[PDB]
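**Student:** Pasting work-v8.txt here (compact mmCIF, C-alpha atoms):
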# COMPACT_ATOMS: atom_id res chain seq x y z
CA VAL A 1 16.89 2.30 -27.77
CA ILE A 2 17.36 -0.78 -25.59
CA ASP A 3 17.09 -4.01 -27.59
CA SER A 4 16.99 -6.69 -24.87
CA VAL A 5 17.31 -6.57 -21.08
CA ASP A 6 18.87 -9.53 -19.28
CA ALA A 7 20.32 -10.14 -15.83
CA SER A 8 23.70 -11.11 -17.32
CA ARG A 9 24.10 -8.38 -19.95
CA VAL A 10 22.22 -5.52 -21.61
CA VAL A 11 22.41 -4.28 -25.20
CA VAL A 12 21.36 -0.90 -26.61
CA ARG A 13 21.07 0.51 -30.12
CA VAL A 14 22.89 3.53 -31.55
CA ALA A 15 20.98 6.50 -32.93
CA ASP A 16 21.42 7.55 -36.55
CA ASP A 17 22.67 11.01 -35.54
CA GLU A 18 25.77 10.05 -33.52
CA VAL A 19 26.89 7.02 -35.53
CA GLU A 20 29.74 6.08 -37.85
CA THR A 21 29.59 4.79 -41.43
CA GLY A 22 30.01 1.05 -40.83
CA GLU A 23 29.09 -0.96 -37.72
CA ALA A 24 26.61 1.61 -36.41
CA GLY A 25 24.91 -0.36 -33.64
CA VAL A 26 27.55 -2.01 -31.45
CA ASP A 27 27.09 -1.83 -27.67
CA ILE A 28 27.73 -4.82 -25.39
CA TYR A 29 27.42 -4.05 -21.66
CA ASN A 30 28.38 -7.08 -19.57
CA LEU A 31 27.03 -6.74 -16.03
CA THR A 32 29.28 -8.13 -13.31
CA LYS A 33 27.93 -10.87 -11.05
CA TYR A 34 28.53 -11.53 -7.34
CA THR A 35 32.32 -11.30 -7.04
CA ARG A 36 34.63 -10.83 -4.06
CA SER A 37 35.69 -7.28 -3.20
CA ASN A 38 38.73 -6.18 -1.18
CA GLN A 39 36.75 -6.18 2.10
CA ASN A 40 35.04 -9.58 1.70
CA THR A 41 31.80 -7.91 0.59
CA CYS A 42 29.47 -8.74 -2.28
CA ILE A 43 29.12 -6.59 -5.40
CA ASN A 44 26.65 -6.94 -8.27
CA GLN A 45 24.78 -4.93 -10.89
CA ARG A 46 21.04 -5.14 -11.51
CA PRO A 47 19.37 -3.80 -14.68
CA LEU A 48 16.95 -0.93 -14.08
CA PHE B 1 -21.87 -10.49 34.82
CA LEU B 2 -22.08 -9.76 31.08
CA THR B 3 -20.80 -12.00 28.29
CA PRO B 4 -20.23 -11.12 24.62
CA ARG B 5 -22.76 -12.89 22.41
CA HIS B 6 -23.43 -12.64 18.66
CA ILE B 7 -20.55 -10.34 17.74
CA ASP B 8 -20.62 -8.20 14.59
CA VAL B 9 -18.03 -8.35 11.80
CA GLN B 10 -17.97 -5.13 9.74
CA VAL B 11 -16.00 -6.03 6.61
CA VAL B 12 -15.07 -2.77 4.86
CA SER B 13 -12.38 -4.26 2.59
CA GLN B 14 -10.65 -7.52 1.73
CA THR B 15 -7.61 -6.66 3.88
CA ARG B 16 -8.87 -4.25 6.55
CA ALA B 17 -11.84 -5.44 8.62
CA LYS B 18 -13.26 -4.03 11.86
CA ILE B 19 -15.18 -5.99 14.49
CA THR B 20 -17.30 -4.82 17.44
CA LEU B 21 -17.75 -7.73 19.86
CA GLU B 22 -20.17 -6.45 22.52
CA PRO B 23 -20.61 -3.63 25.06
CA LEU B 24 -18.74 -5.06 28.05
CA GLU B 25 -18.36 -3.87 31.63
CA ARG B 26 -16.17 -0.92 32.57
CA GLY B 27 -12.62 -1.99 33.36
CA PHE B 28 -12.75 -5.19 31.31
CA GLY B 29 -13.00 -3.39 27.97
CA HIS B 30 -9.48 -1.96 27.86
CA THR B 31 -8.14 -5.13 29.52
CA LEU B 32 -9.50 -7.50 26.87
CA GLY B 33 -8.53 -5.11 24.07
CA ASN B 34 -4.82 -5.12 24.87
CA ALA B 35 -4.93 -8.85 25.64
CA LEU B 36 -6.43 -9.80 22.27
CA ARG B 37 -3.97 -7.56 20.40
CA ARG B 38 -0.92 -9.50 21.60
CA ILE B 39 -2.56 -12.83 20.71
CA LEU B 40 -3.27 -11.99 17.06
CA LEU B 41 0.41 -11.09 16.54
CA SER B 42 2.12 -13.81 18.60
CA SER B 43 0.78 -17.10 17.22
CA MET B 44 -1.66 -17.43 14.31
CA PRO B 45 -2.01 -20.22 11.72
CA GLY B 46 -0.44 -19.25 8.41
CA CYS B 47 1.11 -20.72 5.29
CA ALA B 48 4.07 -19.59 3.20
CA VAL B 49 6.64 -20.94 0.76
CA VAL B 50 9.18 -22.93 2.78
CA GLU B 51 11.53 -24.05 0.00
CA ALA B 52 11.82 -23.70 -3.77
CA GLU B 53 13.67 -26.11 -6.06
CA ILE B 54 14.81 -24.95 -9.52
CA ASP B 55 16.11 -27.50 -12.03
CA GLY B 56 18.15 -24.89 -13.91
CA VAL B 57 20.30 -23.32 -11.20
CA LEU B 58 22.59 -24.70 -8.49
CA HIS B 59 22.62 -21.99 -5.80
CA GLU B 60 20.51 -18.89 -5.18
CA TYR B 61 23.40 -16.46 -5.74
CA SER B 62 24.04 -17.14 -9.43
CA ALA B 63 21.54 -15.67 -11.89
CA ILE B 64 19.94 -17.49 -14.81
CA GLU B 65 19.49 -16.67 -18.50
CA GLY B 66 16.32 -15.08 -19.85
CA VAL B 67 14.98 -13.63 -16.58
CA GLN B 68 15.43 -9.89 -16.03
CA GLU B 69 15.33 -9.95 -12.23
CA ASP B 70 17.94 -11.79 -10.18
CA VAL B 71 17.30 -15.15 -8.54
CA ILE B 72 17.63 -13.55 -5.10
CA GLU B 73 14.92 -11.04 -6.03
CA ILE B 74 12.74 -13.94 -7.20
CA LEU B 75 13.00 -15.71 -3.83
CA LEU B 76 12.22 -12.40 -2.10
CA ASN B 77 8.97 -12.11 -4.07
CA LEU B 78 7.71 -15.56 -3.02
CA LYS B 79 7.49 -14.43 0.62
CA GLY B 80 4.72 -11.96 -0.25
CA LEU B 81 2.39 -14.67 -1.52
CA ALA B 82 -0.81 -15.56 0.37
CA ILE B 83 -1.60 -19.27 -0.06
CA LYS B 84 -4.53 -20.77 1.87
CA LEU B 85 -4.46 -24.47 2.77
CA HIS B 86 -7.90 -25.84 3.67
CA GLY B 87 -7.39 -29.57 4.22
CA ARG B 88 -3.80 -30.46 3.38
CA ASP B 89 -0.94 -29.47 5.67
CA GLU B 90 1.93 -29.70 3.16
CA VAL B 91 1.47 -29.51 -0.62
CA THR B 92 3.85 -29.20 -3.56
CA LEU B 93 3.19 -26.64 -6.30
CA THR B 94 4.72 -26.24 -9.76
CA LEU B 95 5.40 -23.30 -12.06
CA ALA B 96 6.55 -23.18 -15.68
CA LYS B 97 6.28 -20.51 -18.39
CA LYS B 98 8.09 -20.02 -21.70
CA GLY B 99 8.00 -16.88 -23.83
CA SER B 100 8.12 -13.10 -23.54
CA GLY B 101 5.57 -12.82 -20.76
CA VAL B 102 5.67 -11.75 -17.12
CA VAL B 103 4.85 -14.39 -14.51
CA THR B 104 2.39 -13.69 -11.69
CA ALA B 105 0.80 -15.54 -8.77
CA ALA B 106 -1.97 -16.83 -11.07
CA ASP B 107 0.52 -18.74 -13.24
CA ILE B 108 0.71 -21.52 -10.63
CA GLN B 109 -1.32 -24.61 -11.52
CA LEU B 110 -4.71 -24.64 -9.81
CA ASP B 111 -5.59 -27.24 -7.18
CA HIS B 112 -8.79 -28.37 -5.48
CA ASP B 113 -7.47 -27.48 -2.00
CA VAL B 114 -5.00 -24.67 -2.80
CA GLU B 115 -6.43 -21.16 -3.17
CA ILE B 116 -4.22 -18.11 -3.76
CA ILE B 117 -5.65 -14.78 -2.60
CA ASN B 118 -3.63 -12.31 -4.66
CA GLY B 119 -3.32 -12.64 -8.42
CA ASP B 120 -1.71 -9.34 -9.43
CA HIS B 121 1.51 -10.06 -7.51
CA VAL B 122 4.38 -10.23 -10.00
CA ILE B 123 7.28 -12.66 -9.57
CA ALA B 124 9.81 -12.06 -12.35
CA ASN B 125 10.18 -10.67 -15.86
CA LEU B 126 10.85 -13.06 -18.75
CA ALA B 127 12.06 -12.77 -22.33
CA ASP B 128 12.08 -14.70 -25.61
CA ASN B 129 15.57 -16.21 -25.22
CA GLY B 130 14.91 -17.84 -21.84
CA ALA B 131 12.34 -19.64 -19.73
CA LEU B 132 11.88 -20.74 -16.12
CA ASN B 133 10.59 -23.84 -14.34
CA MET B 134 10.55 -24.58 -10.61
CA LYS B 135 8.68 -26.49 -7.91
CA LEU B 136 7.18 -24.79 -4.86
CA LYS B 137 6.56 -26.37 -1.46
CA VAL B 138 4.49 -24.71 1.26
CA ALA B 139 3.69 -25.80 4.81
CA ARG B 140 1.60 -24.82 7.82
CA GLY B 141 3.37 -23.14 10.73
CA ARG B 142 2.71 -21.08 13.84
CA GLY B 143 5.33 -18.33 14.05
CA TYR B 144 8.52 -16.97 12.51
CA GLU B 145 11.25 -19.55 11.92
CA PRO B 146 14.59 -19.05 10.13
CA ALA B 147 16.17 -21.49 7.68
CA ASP B 148 18.88 -22.54 10.17
CA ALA B 149 16.47 -23.60 12.94
CA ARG B 150 14.19 -26.05 11.08
CA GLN B 151 17.00 -28.37 9.98
CA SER B 152 14.97 -31.38 8.86
CA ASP B 153 14.14 -33.44 5.76
CA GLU B 154 17.74 -33.79 4.57
CA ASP B 155 19.94 -36.65 3.39
CA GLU B 156 23.29 -34.88 2.73
CA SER B 157 22.56 -35.10 -1.01
CA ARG B 158 20.04 -32.31 -1.82
CA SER B 159 22.51 -29.47 -1.20
CA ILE B 160 23.10 -28.46 -4.84
CA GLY B 161 19.53 -29.12 -5.98
CA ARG B 162 17.18 -27.84 -3.29
CA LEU B 163 17.08 -24.24 -2.06
CA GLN B 164 15.52 -23.23 1.27
CA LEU B 165 13.81 -19.93 2.09
CA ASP B 166 13.16 -17.88 5.23
CA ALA B 167 9.72 -18.75 6.63
CA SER B 168 8.29 -15.43 7.87
CA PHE B 169 4.55 -15.98 7.55
CA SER B 170 2.32 -13.59 9.49
CA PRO B 171 -1.37 -13.36 8.50
CA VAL B 172 -1.94 -10.40 10.85
CA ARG B 173 -0.11 -7.10 10.32
CA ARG B 174 -1.86 -4.24 12.16
CA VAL B 175 -4.21 -4.39 15.16
CA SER B 176 -5.89 -1.34 16.70
CA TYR B 177 -8.52 -1.18 19.44
CA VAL B 178 -10.54 1.71 20.88
CA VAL B 179 -13.04 2.03 23.72
CA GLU B 180 -16.47 3.29 22.63
CA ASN B 181 -19.72 3.85 24.52
CA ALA B 182 -22.98 1.94 24.08
CA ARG B 183 -26.46 1.95 25.61
CA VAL B 184 -28.25 -1.16 26.88
CA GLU B 185 -30.60 0.62 29.32
CA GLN B 186 -29.39 -1.66 32.13
CA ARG B 187 -26.36 0.11 33.63
CA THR B 188 -24.31 3.27 33.14
CA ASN B 189 -20.81 1.74 32.90
CA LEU B 190 -20.91 0.10 29.46
CA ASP B 191 -18.17 0.09 26.83
CA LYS B 192 -17.46 -1.94 23.69
CA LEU B 193 -14.32 -2.83 21.75
CA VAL B 194 -13.67 -1.91 18.11
CA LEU B 195 -10.78 -4.06 16.87
CA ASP B 196 -9.25 -2.67 13.67
CA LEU B 197 -7.91 -5.92 12.21
CA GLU B 198 -5.60 -5.88 9.17
CA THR B 199 -5.34 -9.39 7.70
CA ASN B 200 -3.48 -10.17 4.48
CA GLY B 201 -6.35 -12.45 3.41
CA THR B 202 -5.13 -15.89 4.49
CA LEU B 203 -7.76 -16.21 7.23
CA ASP B 204 -11.25 -14.85 7.80
CA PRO B 205 -11.60 -12.15 10.50
CA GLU B 206 -14.49 -14.09 12.07
CA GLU B 207 -12.32 -17.14 12.73
CA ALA B 208 -9.47 -14.95 14.02
CA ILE B 209 -11.37 -14.11 17.21
CA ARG B 210 -12.45 -17.72 17.76
CA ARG B 211 -8.89 -19.00 17.30
CA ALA B 212 -7.69 -16.28 19.68
CA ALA B 213 -10.27 -17.31 22.30
CA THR B 214 -9.39 -20.99 22.70
CA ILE B 215 -5.70 -20.16 23.17
CA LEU B 216 -6.35 -17.64 25.95
CA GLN B 217 -8.75 -20.04 27.69
CA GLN B 218 -6.11 -22.78 27.58
CA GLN B 219 -3.56 -20.51 29.28
CA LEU B 220 -5.97 -19.40 32.02
CA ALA B 221 -7.06 -22.98 32.75
CA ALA B 222 -3.74 -23.68 34.49
CA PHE B 223 -4.86 -21.54 37.44
CA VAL B 224 -8.04 -23.58 38.01
CA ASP B 225 -6.37 -27.00 37.98
Take the structure in the file and write it out as structure tokens.
**Tutor:**
Amino acid sequence: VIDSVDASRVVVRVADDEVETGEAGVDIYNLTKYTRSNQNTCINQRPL
Amino acid sequence: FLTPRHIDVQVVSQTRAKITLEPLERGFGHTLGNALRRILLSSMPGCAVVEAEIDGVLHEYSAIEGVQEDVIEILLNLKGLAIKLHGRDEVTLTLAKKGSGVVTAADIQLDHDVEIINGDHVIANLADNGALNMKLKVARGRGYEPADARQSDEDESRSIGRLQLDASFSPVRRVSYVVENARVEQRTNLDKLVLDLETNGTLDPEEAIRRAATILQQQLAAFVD
């Protein structure tokens, strides 16, 4: 389940079925901002 | 020989409104219908957000903390607002909200001369770890104008603080006219106009025909003088 949605990053929880013993919920997804590509074009990620 | 008097305004909805002026003479019905259609789309008084200044961000490309949607998507939602200015030509509005609550068009502070038509229009999504605060500035214009053409009100110091938008205000969206038949028991060649006006709500459909009449009369007066 998603914990918090932000334009910079998004975090999600880990279910109890597919989890380890210690440190069950660990998921840090850092969304990239407007950076320069190889063709001088913009690239970004928006949470949906 | 015949002049339209005491027109009728059939308001079927807040946005879409039809009007039937008068049964005119044959030949002048289709002529005035196509003439009035190009006037309502060329130049009409409207108001929109010209610039928006945020005290938490430098440029419009970088996003902020706490807001789900991007800053560019926030500036793209301000264009869809419908703000009506009765007396004042240029007014400054504010907006501030803190907490896990979505912001809408009704979150703007009320004013005695500023009336917003839509209230269900969302702007951005918030959260508990962040908040937003900005100042809005609207103005009265005639037609479409980009941000690079109206280069004014600058002192070579508000570059990093103030952010400009693309003024694309247009109170009229769709215009449709048909030629119907009417009876007056005076002649056989009678026809009326049914203008299917689609206004976003910034102006009343009754004043749209009056404002479109004085502009056409001013253009035709050059032939007399």
**Student:** Given all atoms listed in the file, how would the per-residue table for chain B near chain A read, listing every residue at most 10 Å away with its closest atom pair and distance in Å to one decimal, sorted by chain and number, as CSV?
**Tutor:**
residue,atom,partner,partner_atom,distance
B:61,CA,A:34,CA,7.3
B:62,CA,A:34,CA,7.5
B:63,CA,A:7,CA,6.9
B:64,CA,A:7,CA,7.4
B:65,CA,A:8,CA,7.1
B:66,CA,A:6,CA,6.1
B:67,CA,A:6,CA,6.3
B:68,CA,A:6,CA,4.7
B:69,CA,A:7,CA,6.2
B:70,CA,A:7,CA,6.3
B:71,CA,A:7,CA,9.3
B:125,CA,A:6,CA,9.4
B:126,CA,A:6,CA,8.8
B:127,CA,A:6,CA,8.1
B:128,CA,A:4,CA,9.4
B:129,CA,A:6,CA,9.5
B:130,CA,A:6,CA,9.6
**Student:** Restricting it to C-alpha atoms, dump the selection as a PDB file, keeping the file's coordinate frame.
**Tutor:**
ATOM      1  CA  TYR B  61      23.400 -16.460  -5.740  1.00  0.00           C
ATOM      2  CA  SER B  62      24.040 -17.140  -9.430  1.00  0.00           C
ATOM      3  CA  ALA B  63      21.540 -15.670 -11.890  1.00  0.00           C
ATOM      4  CA  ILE B  64      19.940 -17.490 -14.810  1.00  0.00           C
ATOM      5  CA  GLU B  65      19.490 -16.670 -18.500  1.00  0.00           C
ATOM      6  CA  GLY B  66      16.320 -15.080 -19.850  1.00  0.00           C
ATOM      7  CA  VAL B  67      14.980 -13.630 -16.580  1.00  0.00           C
ATOM      8  CA  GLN B  68      15.430  -9.890 -16.030  1.00  0.00           C
ATOM      9  CA  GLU B  69      15.330  -9.950 -12.230  1.00  0.00           C
ATOM     10  CA  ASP B  70      17.940 -11.790 -10.180  1.00  0.00           C
ATOM     11  CA  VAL B  71      17.300 -15.150  -8.540  1.00  0.00           C
ATOM     12  CA  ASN B 125      10.180 -10.670 -15.860  1.00  0.00           C
ATOM     13  CA  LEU B 126      10.850 -13.060 -18.750  1.00  0.00           C
ATOM     14  CA  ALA B 127      12.060 -12.770 -22.330  1.00  0.00           C
ATOM     15  CA  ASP B 128      12.080 -14.700 -25.610  1.00  0.00           C
ATOM     16  CA  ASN B 129      15.570 -16.210 -25.220  1.00  0.00           C
ATOM     17  CA  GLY B 130      14.910 -17.840 -21.840  1.00  0.00           C
TER      18      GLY B 130
END
**Student:** Would you list the contacts of range 12-20 of chain A as a PyMOL selection string, taking every protein, DNA or RNA residue within 7 Å and counting all atoms listed in the file, but skipping same-chain residues closer than 6 positions in sequence?
**Tutor:** chain A and resi 1-3+27
**Student:** Could you jot down the CA of residue 26 in chain B to CA of residue 41 in chain B separation for me, Å, one decimal place?
**Tutor:**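 A separation of 25.2 Å between them.
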**Student:** For CA of residue 31 in chain B and CA of residue 174 in chain B, quote the distance in Å rounded to one decimal.
**Tutor:**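 Straight-line distance from CA of residue 31 in chain B to CA of residue 174 in chain B works out to 18.5 Å.
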**Student:** Quick one: distance from CA of residue 137 in chain B to CA of residue 204 in chain B in Å, one decimal?
**Tutor:**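 Between these atoms lies a distance of 23.1 Å.
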**Student:** Taking (-0.4, -17.5, -0.5) in the coordinates of the supplied file, I want to know which residues reach to within 12 Å of it, counting only C-alpha atoms; could you give the answer as an MDAnalysis selection string?
**Tutor:** chainID B and resid 46:50 77:86 93 105:106 108 114:119 121 136:140 169:171 200:203
**Student:** For a cut-off of 6 Å around (-22.0, -10.8, 25.0), file coordinates, pick out all residues using only C-alpha atoms and list them as a VMD selection string.
**Tutor:** chain B and resid 3 to 5 22
